[PDB]
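*Asks:* Dropping the structure in here first, questions after.
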Amino acid sequence: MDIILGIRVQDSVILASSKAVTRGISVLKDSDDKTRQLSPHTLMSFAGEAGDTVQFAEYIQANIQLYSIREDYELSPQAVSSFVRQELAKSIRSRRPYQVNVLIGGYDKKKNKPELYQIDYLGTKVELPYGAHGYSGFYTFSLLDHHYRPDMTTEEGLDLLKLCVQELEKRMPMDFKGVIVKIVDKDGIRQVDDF
Amino acid sequence: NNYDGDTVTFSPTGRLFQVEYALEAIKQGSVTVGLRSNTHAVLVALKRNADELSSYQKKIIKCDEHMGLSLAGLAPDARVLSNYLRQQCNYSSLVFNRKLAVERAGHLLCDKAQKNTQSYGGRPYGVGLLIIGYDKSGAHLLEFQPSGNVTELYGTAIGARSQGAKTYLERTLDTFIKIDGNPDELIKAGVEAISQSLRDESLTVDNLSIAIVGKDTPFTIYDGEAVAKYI
Amino acid sequence: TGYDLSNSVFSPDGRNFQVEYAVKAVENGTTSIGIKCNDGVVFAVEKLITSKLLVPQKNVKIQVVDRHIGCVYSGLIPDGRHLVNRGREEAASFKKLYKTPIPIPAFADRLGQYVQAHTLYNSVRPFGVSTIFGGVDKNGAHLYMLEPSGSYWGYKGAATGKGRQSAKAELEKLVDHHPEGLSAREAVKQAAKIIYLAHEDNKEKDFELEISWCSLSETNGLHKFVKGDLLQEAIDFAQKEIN
Amino acid sequence: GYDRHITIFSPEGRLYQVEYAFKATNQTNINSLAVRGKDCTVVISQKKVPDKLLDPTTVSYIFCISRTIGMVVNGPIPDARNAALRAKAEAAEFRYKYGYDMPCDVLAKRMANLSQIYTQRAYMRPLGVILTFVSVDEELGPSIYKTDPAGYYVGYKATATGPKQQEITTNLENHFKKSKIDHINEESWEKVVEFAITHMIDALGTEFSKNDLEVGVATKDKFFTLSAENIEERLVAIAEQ
Amino acid sequence: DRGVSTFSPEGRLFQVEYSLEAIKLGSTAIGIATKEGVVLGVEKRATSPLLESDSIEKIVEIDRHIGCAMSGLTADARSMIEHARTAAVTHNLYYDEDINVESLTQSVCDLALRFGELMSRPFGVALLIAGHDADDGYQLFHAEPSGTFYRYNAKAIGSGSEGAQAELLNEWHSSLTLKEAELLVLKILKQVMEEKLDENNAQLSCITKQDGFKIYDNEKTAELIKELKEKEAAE
Amino acid sequence: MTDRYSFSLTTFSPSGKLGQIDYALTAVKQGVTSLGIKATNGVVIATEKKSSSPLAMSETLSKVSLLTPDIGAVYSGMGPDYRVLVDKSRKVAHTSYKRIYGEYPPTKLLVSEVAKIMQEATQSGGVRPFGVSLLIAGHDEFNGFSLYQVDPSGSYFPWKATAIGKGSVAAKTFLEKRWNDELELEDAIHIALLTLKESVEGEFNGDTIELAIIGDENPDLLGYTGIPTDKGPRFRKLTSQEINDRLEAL
Amino acid sequence: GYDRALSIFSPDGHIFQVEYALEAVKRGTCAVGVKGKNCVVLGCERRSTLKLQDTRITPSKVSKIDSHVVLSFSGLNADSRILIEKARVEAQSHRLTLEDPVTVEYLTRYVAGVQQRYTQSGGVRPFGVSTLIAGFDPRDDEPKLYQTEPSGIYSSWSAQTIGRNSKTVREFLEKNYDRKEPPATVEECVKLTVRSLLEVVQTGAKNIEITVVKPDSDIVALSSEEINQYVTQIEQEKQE
Amino acid sequence: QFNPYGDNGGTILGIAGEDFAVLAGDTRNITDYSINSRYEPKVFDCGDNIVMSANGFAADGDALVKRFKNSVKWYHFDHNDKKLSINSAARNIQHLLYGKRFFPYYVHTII
Amino acid sequence: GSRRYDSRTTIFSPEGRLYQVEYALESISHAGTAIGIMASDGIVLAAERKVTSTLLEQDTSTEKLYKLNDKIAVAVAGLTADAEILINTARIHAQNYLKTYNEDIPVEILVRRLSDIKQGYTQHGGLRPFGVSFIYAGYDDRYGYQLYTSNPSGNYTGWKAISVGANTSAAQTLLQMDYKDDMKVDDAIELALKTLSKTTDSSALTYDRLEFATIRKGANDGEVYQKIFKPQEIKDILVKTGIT
Ligand SMILES: [Cl-]
Ligand SMILES: [Mg+2]
């Protein structure tokens, strides 16, 4: 766990997430997918304490999937993000809190608008045009301040994202073994295989 | 009649009918005999079978190296009570490094059975027990009834047709009490005692069950070809 | 009606028929007595010898509470044992907190409240025992008798069981003929007589006598059983009086 | 008819178990009386010791609840003692929590509320007793407050309880009609006890020896019961007048 | 009404005696113990022809060395089996060994009387627990809702039990082979069953030391049915 | 031991009646008459003090009770059930309202909390319903003056004026003739006394009648001065002398 | 807590509360399940004494437990919601721990176990509901149809019906359903299901619901007009 | 602050032969530099031809042996007097020890 | 023990019915009639107060119609005290959903949960069921305008128009006759009142014996307004339709 990014463009939300899983002085895996599909048009990436991250992601996934079956209806990205925030807000005052930061990228089918939510382990939710967790933000935010426009296409968003990964690969101390990129739009969730 | 719905109810003449009905389950159960001398204490039990294809229901249970009982009535209730006795014998050993007195064993069973007769919801135990043991004050024989009443005796018997064996022991009292330092003869007297409760059936090799405890004898049970000596 | 089917139900009289039914179980039981004396108390009980097979001296019915209180009862023997077990807990917690051994009146109320609690609910059964008890404390000697209802009073002499009326009559004579008081050793001998006289109401099976006592002088304020020479002396005294 | 066995309403809006608890009150066949002086509150009760084997000193229906509060009970002794022990605990707890001695009327209310709970909740039976509480309260002065199995309670100028309660009640009513006042206009408590005994003798129509009566007296800062000799002295004073 | 754990005047628990009547209504189950193995067989008894009979699971594995057949309110047996399986596996975890067949049966029978006012009523199902261990060898137990269990050389439970038990009395001897015992279960099942016995409405199983507990296929049972009919016609 | 009555003692009969509630209402019918009248500038509640004995001090027994400084309550039915309800009602006003909002609850909401308590006695395990009907009079800043009735079922209704208990049927008819929407508080006290004389049989004076008002603020009854916003309780219990004054000009 | 043993044995060896729960099932609207060669179809009756209904929002008779399994029922409607909810939660819990959706046998076994627990738990009455549970196991093309009942027994069926007049429709299915050759197509299976309901229903208008389940989470509910076409086709062939 | 552990010292030794096995241990018990006993046995016959020692902190060692001896007793009651095999005893002891994983018995155990 | 006095509220009859549920429905059949009518552009709730007294305060009263949130309301028929217990639960449940998801609760979800509570009282716990039937009238962005009903059994169903309480048989026949799918709110208002006016056990239907409420999109642009009618507003609407 370390690098998770998010960019909301005109018609989609793009999430980039690092592939490395390091423990100690060994990179144990270089092909790890740090995300779970919560519903057909909502994707959550995650980063933080080992074990906690996946346990939390899958727990949220199970609850959203349960809701979908019960009501035969997909919950809005705003609604999912609020549910996730409350779970983290409960967690922080527990005996052992979930130390997990997340990005929730979703496409609202009622509004026909992409939405990106950044939530930290304390339960601090913000809707953003672009987001990042951890040290990644210290490079990417200023870069996106400059290059980002609100009316960009998905292809323009991927080039903008490439520009971020290049900067991180140049200046970050750790080898994060590249990223898995996923796009969330009106047609659902798909993975970019060649990045 | 109207006062036998539960154990919490007294009859107009001051009777607890559920306790009396539990007492009736003992009378239906197979006969078992208890007797002792000054050196040894012996249990003799007639085991019962469902049919020729079935096994014979085990009547005697070991509680410690120096104590155990024979049952008559509901076998699962004897298991609950014998397990409680095993724990109390064991608590006495671990905490106080002390073998549990046979008298205290009886007092504990009495108090356990009593609580079931004074509370709503529960029921009385449906079994009678004959406890034998050898402790610091020599050999002992106890008779437990699920009313709570425990009684120390030289000899006794409980179960179906137990009055035959009980009369015999009442006549033989002076003889068998002085069988000291002789296990086989004390068993022989017990086997002859239980024989007075037999009708149509006789004592076979897989039918008879004997147990003994004494001065230099741990509580041991004899079944099968080991009891062929006493037929 | 149906007022007698459930415990804690008042009848139209104002009576708890279940408690009165428990008294019938007490009346069915063997005779037991208590005699207050100069500096202590004496307890005695009738033990019916059902069979030759009963071991003499080894089915003890009188029970001690703490070191200074004696308890005896008539009726359902297990219920009596349950009450003593509670008594011992009540006496233990009193001594734990307040240091001094529990006073007899204090102890009498602890049983009384406990027995009375078993008349308050239908989920429990009343006690099937009347309990005679007492001992010696800082204020001297006390004798008490407690009944299934929770009712208890102090007594000069007390009796319960199948031969209670015979024993009560004999006790009333002792109170009249000894206004200045009865000694401890006398009270043991009288107790034996009164059990032997009260045995006339239960004379199919012969019986075994059991006596205990607390006395400031004779037992140093502690509860003890009467055994050996002193027991046989009391038996002989009782045998001489019946003939 | 299971509505007569537990405390639930009957078709005519009645609680039969409560009514039958009232009948248990007179099971002892004892009459009590309570009156107020200027400085004191006196309570008297009949004492009947039928059995010769009983220790008469331990036969009592008057109780010392706290230093200031006394209580007499009409009803069976087990329920009487049950009520007494609870009242004692309640009075003690009150002092500890709130820093002053529990008033007579407040204890009466508290015991009444407890009695009310038994009339509403099914598992608990009512106690078959009528509790008469007496004190010299530091705010209200001489006080008599009485509780019953229904959970009812009220203050009294004077009161009586028992099988022949009505004869005693009207005897006292006729006195307060005549005197034109709420109390016994008398300086010493000794003469207030003499009044109480005199008016019980007139109402019940029986004479009393020293062992036939039981007397409790409440003064400022203490409640106490009288001994046989204290009553005998009091009986002699009545006889010589 | 009346208490659940109430004794009758004859000295028996009403609810336990009533549960035994439910077990008499159930489908037949037969067990036979030999020196070469223990055989267990049951009547499936489909209520309708549309019901897929292979889904009727009335013979059940507890461990590799212990099997179980049932009769009565079969739904009640699910929690009994669950407990038996856990008890068997748990004992292996604590002691690194197979659990004795008697000790397993005893653990199941402890549940039986844990009812009152714990569960609300006794179980309405009887179990035949068959197994093998190193100490006492091949064993067959009959576990009731009374909390009692008897070891048996052979035993039938269910609606045709009293008729089948009398037949087992004559036919059983101490030198029976496994093949002989298989046929004997099929023979006795065919006698007491309402509908005509075949591979679809009856099921066989066994437990041997070598191969453990095995439920037989419909193809294997069919051949034993055919072998049985030929042998009866042959004299 | 333990409360084994975990089941409802009030259940529906085949006809749809809840028997214990009906029977509780029957107990209210037997009870002594009480009433309440609402005026433009106040509310009055009144009842007869049925003395159990002439030796008993009827002053010590209070049928009309203060719940909050601006809310009062009176009943008909079983007095002990009322006494415990007043205790619980006073407490719930603090726990569920004053300790949260720093102010006393309005009449309608306190009534609602009392109703809740009385409903639970109709459905909870091992209990009978309360054998009382309450009349609660009160004032609050945003609703003004108000008067409510609360029955054993837990149902409550607002009233311009009403009566409950023994002679309620006749008393309600009397109030229908005399009530108008322009009544001043003194006129309502007068009508209350006239209405109550019909139901009372024996003595009729300030010592046998209990009467309280919800009217103007009483700074004299506050106990302190200095805070301008705190102006005192609107609940006032009329004295024995104050009643007798109005009985002369009756 | 309320402890009372409501489900208990009677002298003749019956648990009346369980048997009376079966009477509630018998009162409920008819439900039918028929499984073909490559599908399962669940048919359901809807009583026509209720007009002015809003069929958009009214609870549908067939419920999805997961994307690959469905549950219909007969009996008390309120009771069925509790079973469906529990089953839905267990379906997601199974995905979470085993990383694989439930088999139809496992889901049935769970629901049946819940129903059984309510026949020997203190303070509770049995579920007045029998269920038909149908679907396809993960990565499997063999159709599955199971039945449960208040007692807790469960079993697999080639075809089965429950509810009111179910004995009439079971009689129909017993002769019309061939084990050797089940309904080869979707159309054949739906038709046999509609035919079987037409023995009992009344009219084929807004009284019949049909839900078809196919492999790999392919579930669809038929509309009024689509069902009405089967009703029109069957009646014309009947007149012969 | 209170320290619930102590070191009672000593040493033990187990060797296995073809048809036999030995378990030896010295008889000295110590705390710090003082001798507590010159003869305090810590190798025990537990029944069923199993010998056991739990060396280290003697209070924990005695507690463990006491519990295992008791475990052997209850194995006989629950399983028809069956002989507890050495491998079964070992597995039983693992569960005794691990049962206190988060407040351990400070002992090296050998059977 | 206490077994003797247990009514056994949660059991089946031999016929397979729940005794207490059936008897609770019998109770509700004597309660004042409540009608719900759903139009294309709104919903009407109308209810008849139980035999009013002239001295009852009418303007500051709430017996039949209750607000659950800004978008949902209920009409009550049965025990008011029971209904208020369930209403406060429903109000809370709505705010839990809003707090969790930052969205107003869908109508069916609120109804299901409230109906599930009632169901629990028929299956376990040994307590009597709630003697209440609701008509839920509400709006959400999924299904738009919705009418539901629930009853003591815990069973709920959806409706275009529905009545509960007294004379439902007669009321449902009259609604079934005059109702049509393209209906407006103002027409539904008139139907609701006309139906009560014919089914009423009173001599004549007046303003003081009615509670009335609408849920329109009659606010300014794409938003829902709840109108609980005042006494004077009921008086005017009663004159306007020509009943008085
Ligand atoms: Cl209080
Ligand atoms: Mg943040």
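Going by the structure tokens order, chains are called A, B, ..., each with residues numbered from 1, while ligands are numbered from 1 in the order shown.
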Tell me, as an MDAnalysis selection string, which residues lie within 10 Å of range 87-103 of chain H, counting only C-alpha atoms; anything in the same chain fewer than 6 positions away does not count.
*Replies:* (chainID E and resid 91:97) or (chainID H and resid 4 48 50 64:65 67:68 71:72 75 109:111)
*Asks:* 8 Å from ligand 2 is the threshold here; counting only C-alpha atoms and all ligand atoms, which polymer residues fall inside it? Answer as a PDB file with N, CA and C atoms, in the first residue's frame.
*Replies:*
```
ATOM      1  N   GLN A 118     -12.898  11.735  -1.586  1.00  0.00           N
ATOM      2  CA  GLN A 118     -11.688  11.404  -0.841  1.00  0.00           C
ATOM      3  C   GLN A 118     -12.027  11.365   0.643  1.00  0.00           C
ATOM      4  N   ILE A 119     -11.825  10.200   1.265  1.00  0.00           N
ATOM      5  CA  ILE A 119     -12.119   9.988   2.689  1.00  0.00           C
ATOM      6  C   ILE A 119     -10.891   9.395   3.372  1.00  0.00           C
ATOM      7  N   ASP A 120     -10.398  10.058   4.420  1.00  0.00           N
ATOM      8  CA  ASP A 120      -9.281   9.525   5.225  1.00  0.00           C
ATOM      9  C   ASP A 120      -9.781   8.633   6.366  1.00  0.00           C
ATOM     10  N   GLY A 123     -12.433   9.655   8.950  1.00  0.00           N
ATOM     11  CA  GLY A 123     -13.785   9.878   8.436  1.00  0.00           C
ATOM     12  C   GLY A 123     -13.963  11.293   7.916  1.00  0.00           C
ATOM     13  N   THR A 124     -12.942  11.809   7.232  1.00  0.00           N
ATOM     14  CA  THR A 124     -12.937  13.175   6.707  1.00  0.00           C
ATOM     15  C   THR A 124     -13.246  13.122   5.212  1.00  0.00           C
ATOM     16  N   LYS A 125     -14.508  13.376   4.855  1.00  0.00           N
ATOM     17  CA  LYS A 125     -14.967  13.280   3.460  1.00  0.00           C
ATOM     18  C   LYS A 125     -14.911  14.622   2.739  1.00  0.00           C
ATOM     19  N   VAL A 126     -14.407  14.597   1.506  1.00  0.00           N
ATOM     20  CA  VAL A 126     -14.439  15.749   0.606  1.00  0.00           C
ATOM     21  C   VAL A 126     -14.682  15.276  -0.834  1.00  0.00           C
ATOM     22  N   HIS A 133      -4.134  10.231  -1.720  1.00  0.00           N
ATOM     23  CA  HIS A 133      -3.812   9.939  -0.317  1.00  0.00           C
ATOM     24  C   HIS A 133      -2.327   9.674  -0.149  1.00  0.00           C
TER      25      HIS A 133
END
```
*Asks:* Output the neighbourhood of ligand 1 as a PyMOL selection string, that is, all protein and nucleic acid residues with some atom at most 8 Å from the ligand, counting only C-alpha atoms and all ligand atoms.
*Replies:* (chain D and resi 109-114) or (chain F and resi 84+87)
*Asks:* Which residues are near residue 168 in chain F? Cut-off 12 Å, only C-alpha atoms, ignore same chain within fewer than 2 positions. Put them as number ranges by chain.
*Replies:* F: 28-36, 47, 76, 133, 161-166, 170-175, 195-196, 198-200
*Asks:* Set the cut-off to 6 Å and count only C-alpha atoms: what are the residues of chain A that reach chain I? Output as a PDB file with C-alpha atoms, in the first residue's frame.
*Replies:*
```
ATOM      1  CA  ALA A  79     -24.912   7.758  -0.607  1.00  0.00           C
ATOM      2  CA  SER A  82     -21.652   8.883   3.271  1.00  0.00           C
ATOM      3  CA  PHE A  83     -22.057   5.262   4.427  1.00  0.00           C
TER       4      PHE A  83
END
```
